[PDB]
Each structure stands twice: as structure tokens, then as C-alpha cells.
Amino acid sequence: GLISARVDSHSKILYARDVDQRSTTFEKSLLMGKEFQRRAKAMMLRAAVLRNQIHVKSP
Amino acid sequence: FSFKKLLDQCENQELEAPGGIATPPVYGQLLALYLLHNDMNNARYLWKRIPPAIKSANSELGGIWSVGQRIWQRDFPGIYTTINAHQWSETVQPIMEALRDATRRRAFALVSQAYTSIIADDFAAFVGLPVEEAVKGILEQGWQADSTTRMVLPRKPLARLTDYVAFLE
Amino acid sequence: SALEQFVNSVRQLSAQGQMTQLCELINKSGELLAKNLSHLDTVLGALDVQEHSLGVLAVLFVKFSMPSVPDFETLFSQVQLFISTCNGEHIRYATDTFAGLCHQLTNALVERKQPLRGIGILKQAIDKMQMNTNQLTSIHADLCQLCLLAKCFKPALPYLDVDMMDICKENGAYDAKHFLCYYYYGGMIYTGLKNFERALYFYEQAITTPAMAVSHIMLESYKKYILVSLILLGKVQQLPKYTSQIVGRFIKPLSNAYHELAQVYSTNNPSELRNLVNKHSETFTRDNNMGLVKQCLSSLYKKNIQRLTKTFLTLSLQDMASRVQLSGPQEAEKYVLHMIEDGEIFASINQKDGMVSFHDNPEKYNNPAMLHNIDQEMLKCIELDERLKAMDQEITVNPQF
Amino acid sequence: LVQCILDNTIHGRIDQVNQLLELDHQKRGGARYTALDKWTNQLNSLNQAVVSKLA
Amino acid sequence: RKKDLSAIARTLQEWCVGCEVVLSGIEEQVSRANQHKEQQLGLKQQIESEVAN
């Protein structure tokens, strides 16, 4: 929920936090780029074996 | 380093021709490039494929392997106490000292970032240099001294948004 | 009498048109081949030792006995001399006996003792079988197997780091178990080097394989998939929907202890996971993955210390020892220091007051560093698109009738 | 002040301990769009991936 | 401001060429992009046309 903060529990004091949307959106977009690259490796090797339509067959 | 090419040519001499036959200086270059890398995962596979004869014959490398276990487990006074007990014939032993200096400066740059405060006696035992030599080194590179705490405070020494909007935005 | 003729028929096709008759010549060979082949190998390197030597050496390894008396070393060196500077050009058509030769060399070195040099020679064969951006040849598995036995993963990485497209068959020369072994052994190679990202990727790709029957390679890769996903991520990563039905029907309830391990991992209790690891310890040692489950225990401790950043800012070491269950502030300080060094947590240690101060701010995204990071990631996406353009063109060419 | 917040008048945060108020004097609804475009592209990726990756 | 004349005109040559080269790098980025747009859409349309039969 709605507690956006860091508590200095060295001092045991709450400190409310504005999570920066610039940091948030750049973070999720570049993590989307990292998942884009993992799905890149996924689709490259997966289609290099299965655009062939060749698999671990019955024998 | 050049031990990469040395290891490649010694594996041309060891992993190509001889019979499944083992060779100890090739294995010395192997544990040299597994302790410079500190790749004790693959140096475990080394230690699985080192013969116990070569564990007993290339055995200055065995003391090197023990000291590298103390490095991997980060047993720092046991590291710097056991410097001159192993001396293998110029494959690992000079770069044992070079790796000691690399790990010295590595612990230096590591504590410089990862510590708001370290015990300087630990850190001197972590780098092998003594305590006031570590004081001279941190005044050389720029940490914050904190007397009477004995906790020296470590310290590390346009078209931008155009490209950022152009790809990520 | 007949063996003296075939050599003359090899030179007839040399520097000429088709070599399909030479493929038929290797297909027939001689059936009950004699020792004389060795003598025929004395005068055989006329042009570049030719494809005749491949048939000779393949038959020498097909023998099921000897293979070249206790002097097999000489034969090994001959095989080396056939792979190194001899190579060949029409290996693409003779792939069946070439991969077969590499498989037999691998199986012989596995049955014998130390297969260290075998890796060094094999990587050349692989280098001459593949095209440019690399193809998934069968020998790729063998290499991995060899470097998994002879504990030296360092030179096998360049063939593992590339996400190669299209599996090389040509005249058969490929089996599903070689695919499964390459991704399973490769997964174990990345797990041994503590590169859990590519390891998890490799195990995932080993499970996704279409299957009608359950193989032990798939079972072990699934178990190790759960373990690496518990280490790398906080929980078990979902396998794709295109995974085989036999995985959810047969492999899932067989590796019940691993899903039980994930079930106890989800409760965030280390003592209970310890109890469960002691409970099925015999089953984990039976699969020969005891060690990765210990890493799972340590990763659970690290997950519990990482959960503290979301709620606390400044926390006492004794409080951390009480919450994470470590006993004493000394072990808490050890764990926090290790986690800062490995880049797992963003925190600082205050010894005077005995406190831990969590920061949680690696970047503000104004460095050039990010500029270079984004430039490299964009170049990867551009590569994929030119790769994707090539795949799409290949598919457009060919269309159905 | 809190009452003013109810008003939706105050745009800024208040440090209760420090007893001070920071207002978002310079506002920016500039920030979202980069992320939004990114998200739109993400869906684009979704439509593209599901079809392509799918047999 | 008695002669900076030489240095004056040569600083002029400098900055003139600087904006010139900025704009010329732009020029060839243009000879890339929508020349790349020509090639890309031409090939994509080739694909779409070959989709039929």
C-alpha cells in the first residue's frame, strides 16, 4: 500500500518518499529492455530450433 | 595476462597429445589462472582433475592452493601469515605476490566504497600492509580519517537527453 | 585388392563437380574392414588428406574393440592431425560420419579417464562444422560433457555465450538427447561459474523441448531449474505454456521434494527449510545437486535481509539477528558486509552505535554510464531486428503451395 | 494545513518532525510521456511477441 | 580592436566549419534514416506482396 518511505531505524524515524516517476519509468523501461533481450535470446534459439518445426520426437 | 597464452600452449602440449597423461607445470598455469580469477568453482574442477601425485609432486602449488582457499574464504591474517611458505618454480609464486598486491588494492578500493567506517587494524590485516602504512595509503588516495574512534571513514576518489529520449524516453 | 581401388576413385572426384558418389563410398566403405587402412593412411595426404580418412577413422572407432591396440595414442594423434590443419571443405555433406567420429572420441575419452585435451581438439571441429553466426551442432554437447568431467569451464564459454539459431542436421547427424544434453550440461557449466541468469535460461530451454516420453535429462534439468530459480529469484520462475505435457504430468510429481522445498522457501523460515533439507537429504544427494540447496538456504537468508530494506532505514544489528534468525550481531555484520561487497544490498555499517543504515539509491540516470548502457542494449535490439529481418525474409521465401 | 490538503490546495509534502512544508512549485506533467511511449511500445512488443514466438 | 583580424577570421572559419559539420553529420544521418525508410518500406512491401502467392 501507500507507505512510500524509508525509516531510519538507526533513529527509528519515518521519512516519507516521493518515488520519482522519471526514475520509475526509466527503470521499468530499461528492465523491459532487459526482458526484451531475454525474450530475444528466447525467440532466437527457440525459433532456430522450432521454425524448423523439429523437436524431441517420439523415439 | 600472458599466462592465458602460456596456458593455451601448455594445453596444446597437455590436452592435445599425451595419452590422457597429466603434466604438473600445465596444472600450475591452470591454478595460476584460477587464483588470479579466484575461480574456485572451476578450481574445484581443477582440484578434481589434479592427480594426487601432482597434489604431492606439484605441492608448492599445493601450499598455493591452501593459501588460495584462505583467499576464497577470506581468512586475511591467515593469508598474509602464509606468504612465504609456498614457492613454486616461477609459474605462480611471483604472481602470488602480484595477486597479493592486486587483492591488497582490491580490498582497498572495496572498503573505500562499501564502508562508512572500517576498523583500520582489520583493513591493515585485510591488505597486508601495516596500520600506519594503511594510514599513509588512505592519505595517498583520499579517505577520511577519524581519530579517537579508530574508525577511518573510507572514501572513493546536451546530447544526453537527446539520445535518452531517442531510445528510452 | 578392393582397398587399392577406392583411393584412386577419391582422386577422380577431387577438384571436380559432385561428391555424392564419395558419400556413397563412405556409406558402403568395405563392411568387414581390415588393418590395411592404417597402411593406406601412410600415403593418403595428397591434397588435404580428403574425406576418405574420415571413413577410415570412423570405421576405426566403429570397431567396438581396441581401437588401435594399446598404441591408441598414435590413432589419437592421427585424429588430431585430421582436425587441426587438415580440416576439409565438403564436411557439410559428410557431417554424419564427422559427428559420429566426434561422439565416438568423446565416448572413448569418457570411458577411459581424463578428457582435458579432447576439448581443445573438439572446439576446432566445431569451428569448421558451423557457418558464421554458429549453428547448434551435436558436437557442442560433447564439448560441454568433456569440460564438465575435466573440470575446466573457461575455454567452453564462447560456444555457450552465443544464442545460436538453426540446429545443424545435414544427412541426419542429430538426436534430441544431444540438444537436451547441451542445454543441461551448459546449464550446469553456468551454475558452476555462478552465472545463474544464463543457467536458468539454459535449464528452461532444456525443459521446453517437445517430448512424448520422459527422459532423465529433463528431470534433472527441472530439479536444477527450481534450485537456480530459488537462488537467482525470490521464487520459482513460471515455465512457458508451450512446455511439454509430460513435464506437468510426470516430471512434476517425481521431483516432489523440490516443490516441497519451494513451498517451505515461500514461508521465509530458515529453520524449517533446514529441517526439510535434513528430511530429504538422501534424495538431494542421490541427484548429486547437494550444494545448490545449501545456496538456496543462504539465498533465503539474503532474501530475508533484503526484505528489511523495504520497511527499515536504520536498524540495529541485534534486531536484524533476531528477525533474520542468525544469533548474534556478529553474523549479521558478516552477512551485511558480504551483501554490500557482492552488490546485493545498498547499505552501510555503523560500529560505534551498532546500527545498519540502508540507502537504496544506486543511480539517478544522468551518468554517461547509462548512455553507454542504453547504447549497448539498443545495439542488441538492432542486432535482433536485423536477425529478425533475416528470419522473416527466410520465412517469406518458403511459402506454402 | 492538513485541512488545506483536503482542499487539494497544498501541493507538496510536510515534514512533521521538522515542521516544514515543501511545495511542488515547479511541477512537471512532462515526465510521464516517455514512460507512456515506452509502455505503448511494450504492448507493441506484446502483440508482436505472442504472435511470433507462438507457432 | 586592432588586429585580431587573422585570429578573428580563423575563429570564424572554425565555428563556421563546426556548425557545418554538425549539420553535415545530420545530412548523412538523413541519407541513412529515410533512405533507410525507403529501403525498409520497399522491402517490407516486397514481403507483403509476396505474402499473397
# chains A, B, ... in the order shown; residues from 1 in each chain; ligands from 1
>>> residues_around(residues="residue 187 in chain C", least_positions_apart="2", cutoff="6 Å", atoms="only C-alpha atoms", output="PyMOL selection string")
chain C and resi 183-185+189-190+199+202-203
>>> write_last_selection(atoms="C-alpha atoms", output="PDB file, in the first residue's frame")
ATOM      1  CA  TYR C 183      21.376 -27.298 -22.593  1.00  0.00           C
ATOM      2  CA  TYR C 184      21.532 -29.389 -19.384  1.00  0.00           C
ATOM      3  CA  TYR C 185      25.366 -29.627 -19.259  1.00  0.00           C
ATOM      4  CA  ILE C 189      28.513 -25.066 -16.568  1.00  0.00           C
ATOM      5  CA  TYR C 190      26.847 -21.677 -15.943  1.00  0.00           C
ATOM      6  CA  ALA C 199      21.975 -21.135 -16.170  1.00  0.00           C
ATOM      7  CA  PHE C 202      19.601 -22.952 -20.292  1.00  0.00           C
ATOM      8  CA  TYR C 203      17.590 -25.222 -17.942  1.00  0.00           C
TER       9      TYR C 203
END
>>> residues_around(residues="residue 41 in chain D", least_positions_apart="4", cutoff="12 Å", atoms="only C-alpha atoms", output="list in words")
residues 29, 32, 33 and 36 of chain A; 167, 168 and 169 of chain B; 33, 34, 35, 36, 37, 45, 46, 47, 48 and 49 of chain D
>>> write_last_selection(atoms="N, CA and C atoms", output="PDB file, in the first residue's frame")
ATOM      1  N   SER A  29      11.332   0.813 -18.034  1.00  0.00           N
ATOM      2  CA  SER A  29      11.546   0.728 -19.472  1.00  0.00           C
ATOM      3  C   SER A  29      12.853   0.021 -19.791  1.00  0.00           C
ATOM      4  N   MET A  32      12.375  -3.519 -18.933  1.00  0.00           N
ATOM      5  CA  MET A  32      11.665  -4.038 -20.088  1.00  0.00           C
ATOM      6  C   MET A  32      12.614  -4.290 -21.247  1.00  0.00           C
ATOM      7  N   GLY A  33      13.642  -3.457 -21.405  1.00  0.00           N
ATOM      8  CA  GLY A  33      14.668  -3.738 -22.394  1.00  0.00           C
ATOM      9  C   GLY A  33      15.489  -4.969 -22.061  1.00  0.00           C
ATOM     10  N   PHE A  36      13.251  -7.738 -22.794  1.00  0.00           N
ATOM     11  CA  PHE A  36      13.223  -7.743 -24.248  1.00  0.00           C
ATOM     12  C   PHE A  36      14.419  -8.502 -24.796  1.00  0.00           C
TER      13      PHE A  36
ATOM     14  N   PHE B 167      16.014   6.875 -27.537  1.00  0.00           N
ATOM     15  CA  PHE B 167      15.770   5.443 -27.368  1.00  0.00           C
ATOM     16  C   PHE B 167      14.767   5.151 -26.258  1.00  0.00           C
ATOM     17  N   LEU B 168      15.077   5.532 -25.019  1.00  0.00           N
ATOM     18  CA  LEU B 168      14.201   5.127 -23.925  1.00  0.00           C
ATOM     19  C   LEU B 168      13.032   6.082 -23.775  1.00  0.00           C
ATOM     20  N   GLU B 169      13.331   7.364 -23.556  1.00  0.00           N
ATOM     21  CA  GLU B 169      12.382   8.454 -23.290  1.00  0.00           C
ATOM     22  C   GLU B 169      11.491   8.234 -22.068  1.00  0.00           C
TER      23      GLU B 169
ATOM     24  N   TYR D  33       5.220  10.973 -20.279  1.00  0.00           N
ATOM     25  CA  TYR D  33       5.131  10.584 -21.657  1.00  0.00           C
ATOM     26  C   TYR D  33       6.216   9.652 -22.084  1.00  0.00           C
ATOM     27  N   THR D  34       7.461   9.829 -21.616  1.00  0.00           N
ATOM     28  CA  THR D  34       8.477   8.919 -22.058  1.00  0.00           C
ATOM     29  C   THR D  34       8.086   7.527 -21.655  1.00  0.00           C
ATOM     30  N   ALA D  35       7.639   7.348 -20.398  1.00  0.00           N
ATOM     31  CA  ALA D  35       7.250   6.057 -19.908  1.00  0.00           C
ATOM     32  C   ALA D  35       6.061   5.566 -20.675  1.00  0.00           C
ATOM     33  N   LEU D  36       5.108   6.467 -20.973  1.00  0.00           N
ATOM     34  CA  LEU D  36       3.908   6.084 -21.660  1.00  0.00           C
ATOM     35  C   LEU D  36       4.245   5.548 -23.010  1.00  0.00           C
ATOM     36  N   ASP D  37       5.156   6.222 -23.738  1.00  0.00           N
ATOM     37  CA  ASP D  37       5.512   5.756 -25.043  1.00  0.00           C
ATOM     38  C   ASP D  37       6.155   4.420 -24.883  1.00  0.00           C
ATOM     39  N   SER D  45       5.273  -4.810 -28.330  1.00  0.00           N
ATOM     40  CA  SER D  45       6.132  -5.947 -28.194  1.00  0.00           C
ATOM     41  C   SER D  45       5.291  -7.136 -27.863  1.00  0.00           C
ATOM     42  N   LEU D  46       4.243  -6.926 -27.046  1.00  0.00           N
ATOM     43  CA  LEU D  46       3.380  -7.986 -26.611  1.00  0.00           C
ATOM     44  C   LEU D  46       2.695  -8.590 -27.799  1.00  0.00           C
ATOM     45  N   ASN D  47       2.111  -7.735 -28.658  1.00  0.00           N
ATOM     46  CA  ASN D  47       1.359  -8.174 -29.797  1.00  0.00           C
ATOM     47  C   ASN D  47       2.283  -8.865 -30.736  1.00  0.00           C
ATOM     48  N   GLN D  48       3.504  -8.323 -30.890  1.00  0.00           N
ATOM     49  CA  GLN D  48       4.467  -8.886 -31.794  1.00  0.00           C
ATOM     50  C   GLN D  48       4.998 -10.201 -31.293  1.00  0.00           C
ATOM     51  N   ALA D  49       5.337 -10.289 -29.989  1.00  0.00           N
ATOM     52  CA  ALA D  49       5.946 -11.459 -29.405  1.00  0.00           C
ATOM     53  C   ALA D  49       5.023 -12.637 -29.343  1.00  0.00           C
TER      54      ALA D  49
END
>>> select_by_dssp(residues="range 70-212 of chain C", states="alpha helix (DSSP H)", output="ChimeraX atom specification")
/C:72-83,95-111,117-129,139-149,176-192,196-207
>>> residues_around(residues="residue 4 in chain A", least_positions_apart="5", cutoff="8 Å", atoms="only C-alpha atoms", output="ChimeraX atom specification")
/A:16-19
>>> write_last_selection(atoms="N, CA, C and O atoms", output="PDB file, in the first residue's frame")
ATOM      1  N   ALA A  16       8.975   9.890   4.736  1.00  0.00           N
ATOM      2  CA  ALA A  16       8.158   9.688   3.550  1.00  0.00           C
ATOM      3  C   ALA A  16       8.942  10.024   2.287  1.00  0.00           C
ATOM      4  O   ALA A  16       9.837  10.871   2.279  1.00  0.00           O
ATOM      5  N   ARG A  17       8.596   9.333   1.211  1.00  0.00           N
ATOM      6  CA  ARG A  17       9.392   9.345  -0.002  1.00  0.00           C
ATOM      7  C   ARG A  17       8.505   9.558  -1.214  1.00  0.00           C
ATOM      8  O   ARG A  17       7.546   8.816  -1.423  1.00  0.00           O
ATOM      9  N   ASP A  18       8.830  10.568  -2.017  1.00  0.00           N
ATOM     10  CA  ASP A  18       8.313  10.631  -3.374  1.00  0.00           C
ATOM     11  C   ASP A  18       9.125   9.772  -4.326  1.00  0.00           C
ATOM     12  O   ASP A  18      10.244  10.149  -4.690  1.00  0.00           O
ATOM     13  N   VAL A  19       8.598   8.611  -4.705  1.00  0.00           N
ATOM     14  CA  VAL A  19       9.238   7.754  -5.692  1.00  0.00           C
ATOM     15  C   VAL A  19       9.212   8.474  -7.029  1.00  0.00           C
ATOM     16  O   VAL A  19       8.138   8.750  -7.575  1.00  0.00           O
TER      17      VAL A  19
END
>>> residues_around(residues="residue 147 in chain B", least_positions_apart="5", cutoff="12 Å", atoms="only C-alpha atoms", output="PDB file with C-alpha atoms, in the first residue's frame")
ATOM      1  CA  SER B 117      33.732   3.072   8.625  1.00  0.00           C
ATOM      2  CA  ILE B 119      38.415  -0.927  11.703  1.00  0.00           C
ATOM      3  CA  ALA B 120      41.815   0.079  10.344  1.00  0.00           C
ATOM      4  CA  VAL B 135      47.144   5.391   7.026  1.00  0.00           C
ATOM      5  CA  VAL B 152      38.861   5.610   9.438  1.00  0.00           C
ATOM      6  CA  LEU B 153      35.963   6.692   7.231  1.00  0.00           C
TER       7      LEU B 153
END
>>> interface_residues(of="chain A", to="chain D", cutoff="10 Å", atoms="only C-alpha atoms", output="PyMOL selection string")
chain A and resi 13-18+20-30+32-33+36+39-40+42-44+46-47+50-51+53
>>> interface_residues(of="chain B", to="chain C", cutoff="6 Å", atoms="only C-alpha atoms", output="list in words")
residues 15, 16, 19, 20, 41, 42, 45, 46 and 116 of chain B
>>> write_last_selection(atoms="N, CA and C atoms", output="compact mmCIF listing (two decimals), in the first residue's frame")
# COMPACT_ATOMS: atom_id res chain seq x y z
N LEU B 15 46.59 -31.06 -23.33
CA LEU B 15 45.24 -31.52 -23.63
C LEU B 15 45.11 -31.91 -25.10
N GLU B 16 46.19 -31.87 -25.88
CA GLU B 16 46.06 -32.43 -27.22
C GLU B 16 46.72 -33.80 -27.36
N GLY B 19 48.16 -38.95 -24.30
CA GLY B 19 47.64 -40.18 -23.70
C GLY B 19 46.58 -40.16 -22.61
N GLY B 20 46.02 -38.99 -22.30
CA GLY B 20 45.36 -38.82 -21.02
C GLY B 20 46.38 -38.52 -19.93
N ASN B 41 35.28 -22.21 -7.98
CA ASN B 41 34.32 -23.14 -8.55
C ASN B 41 34.97 -24.01 -9.61
N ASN B 42 35.63 -23.39 -10.59
CA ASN B 42 36.33 -24.17 -11.61
C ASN B 42 37.69 -24.62 -11.12
N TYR B 45 36.99 -27.93 -9.96
CA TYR B 45 37.07 -28.94 -11.02
C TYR B 45 38.50 -29.23 -11.41
N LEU B 46 39.36 -28.21 -11.37
CA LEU B 46 40.81 -28.42 -11.33
C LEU B 46 41.18 -29.44 -10.27
N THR B 116 31.13 2.90 5.46
CA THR B 116 31.13 4.22 6.08
C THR B 116 32.26 4.31 7.09
>>> decode(residues="range 34-52 of chain E", atoms="C-alpha atoms", output="short mmCIF file (atom, residue, chain, number, x, y, z; two decimals), in the first residue's frame")
data_model
loop_
_atom_site.label_atom_id
_atom_site.label_comp_id
_atom_site.auth_asym_id
_atom_site.auth_seq_id
_atom_site.Cartn_x
_atom_site.Cartn_y
_atom_site.Cartn_z
CA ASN E 34 14.61 7.97 -44.62
CA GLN E 35 16.88 6.47 -47.19
CA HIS E 36 16.70 3.62 -44.71
CA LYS E 37 12.99 4.38 -44.73
CA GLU E 38 13.00 3.89 -48.49
CA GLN E 39 14.79 0.55 -48.24
CA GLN E 40 12.82 -0.66 -45.20
CA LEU E 41 9.38 0.09 -46.58
CA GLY E 42 10.36 -1.13 -50.05
CA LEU E 43 11.47 -4.47 -48.62
CA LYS E 44 8.52 -4.67 -46.22
CA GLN E 45 6.19 -4.08 -49.16
CA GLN E 46 8.07 -6.75 -51.10
CA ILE E 47 7.30 -9.08 -48.19
CA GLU E 48 3.65 -8.06 -48.15
CA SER E 49 3.34 -8.57 -51.91
CA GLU E 50 4.98 -11.99 -51.74
CA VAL E 51 2.59 -12.94 -48.92
CA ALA E 52 -0.19 -13.43 -51.49
#
